[PDB]
Structure formats: C-alpha cells, structure tokens
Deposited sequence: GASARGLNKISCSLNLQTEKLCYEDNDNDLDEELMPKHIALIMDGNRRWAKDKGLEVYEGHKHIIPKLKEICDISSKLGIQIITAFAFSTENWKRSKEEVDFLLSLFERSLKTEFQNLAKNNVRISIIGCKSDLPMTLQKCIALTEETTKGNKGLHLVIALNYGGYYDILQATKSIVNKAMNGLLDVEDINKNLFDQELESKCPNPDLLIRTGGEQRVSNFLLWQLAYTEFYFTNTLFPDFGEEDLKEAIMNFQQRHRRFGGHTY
C-alpha cells in the first residue's frame, strides 16, 4: 500500500474556544485533604460540571466533552467501581432538571453495554429527552478511552470494506473523523484538574492540535474564576498548526 501526504487535510479546529475538553481528576485527594469520607469528592462531580456548563454557555462555548469514567478505571476495586457507577446514576437523576432548563443537549460516549442496565436506561432516556435542545452540547465520556474509540472506528471501516462500501484508498482523515464517537469539531482547549501532566487515554486522535491547560486545582475546587483564567490563558497562545 502506497502513501502520499504532501498533496490538503483540513483540521477541524478554530478569540473563544468552540469546544472544551475536561479531565475531571483529583476527587479522591480533595476528600483526603479535607479529612472527609473516601467518595465525598466524587459527589461534587456532576454539580460542578453543571456550573461549568452554565459559565461556558454564557461565554459562547458550544461543546464540552468531560471525562467521567475511563476504560482503565475497571482496574480499581469492585467496591469503588460499584459505588461510583451508582453515584453517577444518582447524580444524573438529581441534576437532570438543572441541565434541561438551560437547554443543554446531553450525549454519552463509551461502551454503554458494560454499564449496569438501570444506568443504560437512564442514559437512553436523558439522550432522548434532550436531543432537540439548542444550547451547549455536553458530551460525557463514560467507559470511554482513545484506544477503544480508534479500535471501534477501525472495525466499522473493516466491515464497510467487507460489504463492498469502500476501497482501501478511500480511507483518509475525513472518513476516520466521521467513524469516531467524538467528532469534528475537535477540542480547542483541554483542561485537566488534579495536577497530572498527561492525557490518560482520553481523546487521543481528537487532541492532535488541542491546546493543553494543566492546573494544580483539584476538581471540586475548579470554579468560575479558574475557568475564566484557563480561557484567558488559551486566548494568549499562538496556534500555528505546523504552518508559518
């Protein structure tokens, strides 16, 4: 198979970020620091995420993709996974009407069939109720990883080729983008709370020219002032996309 790359590919990126990506990290250490019970940080996840949607919506931000549960988090104890998947279902039922009144559209990416059936039904109902809403699109990545996303797009392309729907030479960036679960437009800014300088198998393909913002602030402490700082910082960067 031949290659040629000096022919051309448009990058689906942008004053203001259109799409923000969010790694919601540091919730355990936030509870350890305040001497609270082990899962009390995670109880702030969905409420804070609603606060961030509110602020971002007013600034003209159109998309937020938030990392809620990765495919490697299955490595944690049965007790933690069960507690936090139950907590996610509960919080999604508690803050739903707050998200719905702001005209937020809610989508979930990840492998849903591995989740508990009650959470699968709750997710399907949330997506149905909000699919027509016209405000900010909140995408929640739940049992998601970049490896998984690329693998399921590759399988989808293989099956199409098997059924006579495409040739090997039709496989390009545009086709791949439309087979991934996180699509164009790609994140302009990634904010990771919790102090770690790494991506932890989040949106690997989608982050090719994303601007990174790592903060030391633990996620339950990330408020309107911190989001405003991150956007102003983003506005101070020069994006060249390989050109001059």
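Coordinate coverage of the deposited sequence breaks at 1-9, 17, 25-33, 264-265, these segments carrying no C-alpha atoms.
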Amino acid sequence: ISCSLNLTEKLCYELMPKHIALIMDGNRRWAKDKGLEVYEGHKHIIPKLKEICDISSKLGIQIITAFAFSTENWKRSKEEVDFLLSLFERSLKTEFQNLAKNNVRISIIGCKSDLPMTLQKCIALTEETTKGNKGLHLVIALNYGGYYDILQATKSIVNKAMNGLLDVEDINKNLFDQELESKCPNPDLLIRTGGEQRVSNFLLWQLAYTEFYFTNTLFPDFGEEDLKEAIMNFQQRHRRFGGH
From here on, numbers count along this sequence of modelled residues.
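What we label the rigid core is the largest C-alpha set whose atoms superpose within 1.5 Å from one form to the other.
Between 30-38 and 202-210, greater CA displacement relative to the shown form is found for 30-38 when the structures in 5 other deposited structures of this protein are fitted on the core. Rigid core fits of the other structures in 5 other deposited structures of this protein place the C-alpha atoms of one stretch farther away on average; of 232-240 and 20-28, that stretch is 232-240.
Residue 222, present in the displayed chain, carries coordinates in each of the other PDB entries compared that cover both sides of it, far from a third leaving it out. In none of the other PDB entries of this protein that model the residues around it does residue 4 lack coordinates, well short of a third.
For the two regions 112-120 and 89-97, the entry's Cα B-factors average higher over 89-97. Of the two segments, 36-44 and 174-182, the one listed with the higher mean B-factor is 36-44 (C-alpha atoms only).
In this PDB entry, residue 60 carries a Cα temperature factor that places it within the highest third of its chain's modelled residues.
Compared with the other modelled residues of the chain, the Cα B-factor recorded for residue 52 ranks in the middle third. Residue-level temperature factors show residue 230 in the highest third of its chain, judged at the C-alpha atom. Residue-level temperature factors show residue 155 in the lowest third of its chain, judged at the C-alpha atom.
Per the PDB record, residue ranking by Cα B-factor puts residue 15 in the highest third of the chain.
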